[PDB]
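Take a look at the letters that make up each chain.
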Amino acid sequence: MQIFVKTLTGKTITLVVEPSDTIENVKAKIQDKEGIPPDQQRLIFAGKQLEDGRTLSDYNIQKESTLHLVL
Ligand SMILES: [Zn+2]
Ligand SMILES: [Zn+2]
Ligand SMILES: [Zn+2]
Ligand SMILES: [Zn+2]
Ligand SMILES: [Zn+2]
Ligand SMILES: [Zn+2]
């Protein structure tokens, strides 16, 4: 399972994840790829604001889904 995270510039980050991964897990992976602090990251999927403690599968994030980093 992989997902795509688009940064505020439109750069695509591809991440290996599992259904149970938390959004906090995802933020850590983004920090490692791009150096963006987790406290500065806000993620959306299908217009939903994603909370650190919930999982990909809680939000129906699927293989090949795209998330956005937002302000
Ligand atoms: Zn797979
Ligand atoms: Zn596992
Ligand atoms: Zn994981
Ligand atoms: Zn794991
Ligand atoms: Zn900070
Ligand atoms: Zn989009």
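Definitions and limits used
- Residues numbered from 1 in each chain as written, not as in the entry; some residues may be left out.
- Chains lettered and ligands numbered in written order.
- Heavy atoms only, no water.
- Helix = DSSP H or I, 4+ residues; strand = E, 2+ residues; numbered from the N terminus.
- Buried < 20%, exposed > 50% of the residue type's maximum accessible area, 1.4 Å probe, protein only.
- Contact = heavy atoms within 4.5 Å.
- Polar contact = N/O pair within 3.5 Å; in protein donor to acceptor, adjacent residues only side chain to side chain.

- Named according to the PDB entry, the protein chain is Polyubiquitin-C originating from Homo sapiens.

### As for unusual backbone geometry
- The backbone of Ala46 sits at a positive phi, close to 50°, despite the residue not being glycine.
- As for its placement among the helices and strands, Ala46 is situated in the loop between β3 (43-45) and β4 (48-49).
- At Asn60, a position not held by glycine, the phi torsion is positive, near 60°.
- As for its position among the elements, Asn60 is in the loop between β4 and β5 (66-69).

### Section: the environment of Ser20
- With respect to the element layout, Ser20 can be found in the loop between β2 (12-16) and α1 (23-34).
- Classification of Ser20 by relative accessible area gives exposed; the value is 52%.

### Comments concerning the environment of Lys27
- Along the chain, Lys27 turns up in helix α1.
- With 10 residues separating them along the chain, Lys27 and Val17 place their C-alpha atoms 12 Å apart.
- Setting aside anything within four residues of it in sequence, one finds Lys27 in contact with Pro38, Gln41, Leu43 and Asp52.
- A distance of 2.8 Å separates a polar atom in the side chain of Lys27 from a polar atom in the side chain of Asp52.

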